[PDB]
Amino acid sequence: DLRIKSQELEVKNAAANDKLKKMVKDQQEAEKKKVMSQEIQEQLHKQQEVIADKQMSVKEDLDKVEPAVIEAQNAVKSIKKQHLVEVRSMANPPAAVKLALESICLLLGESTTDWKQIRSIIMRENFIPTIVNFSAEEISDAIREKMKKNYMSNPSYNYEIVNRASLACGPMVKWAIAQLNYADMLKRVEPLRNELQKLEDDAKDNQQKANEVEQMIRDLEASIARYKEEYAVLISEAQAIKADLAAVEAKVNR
């Protein structure tokens, strides 16, 4: 009798059907992960759209005031030393010159209102450098509105009137306007910069999560590929028993 073939195949198929159970387990674990991947990419796609517009919005907000600022800083620095002398030697200064330097002093924190102490500050051999090397991320909300309220709302406060009186207070007048408008814009850009960071951080972490899933998807495929090939050779060599059985039976009968 062929009592061995029975238990031989009973074990063969039992392990094979147990192999599919392990294979199908990962095959849909992979399908599950494949869904997450597309789901992540979708969430990541919509996210950069928000980043894109706001990132350009900041630039369009900055590009309107920025070139006026860097133009003024060059104008203030590149100045004739004799023009610094005439302001230094001003015993009785015009109302415009007084107005101009007051605004410069206000933006530099040291906001006084008397000429004799202003003239002291007007040139300490570091007056022009500290104006040039000056970021507008220092001016406060109060300082900004005070600058608007008193100075550049007053008809006498403009480049034409000031430069007419003094060639030195001319450039720094434009500088005072440019830095203030820059500070006005920073009120709008600051929340945009911040919310950009919140979004840019989440995007990078979302991309990491994406790469993590993709590798998990690919690692499952490798394990699946082994089980497929192993089961493939399992029943491949198994039907050879059907060939052999049919053959030897045919031999016995004939």
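A residue's number is simply how far along the shown sequence it sits, counting from 1.
Mean CA B-factor, 12 to 20 versus 238 to 246: the higher value falls on 238 to 246.
Once the C-alpha B-factors are averaged per stretch, 108 to 116 and 174 to 182 rank with 108 to 116 first. You'll see in the entry that, of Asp63, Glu39, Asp205, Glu49, the Cα B factor peaks at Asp63. In this PDB entry, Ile122 carries a Cα temperature factor that places it within the highest third of its chain's modelled residues. Annotation for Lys77: CA B-factor lies in the middle third of the chain's modelled residues.
In the PDB entry, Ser89 places in the middle third of its chain by CA B-factor.
Annotation for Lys148: CA B-factor lies in the middle third of the chain's modelled residues. The entry lists a Cα temperature factor for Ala96 that places it in the middle third of the chain's modelled residues.
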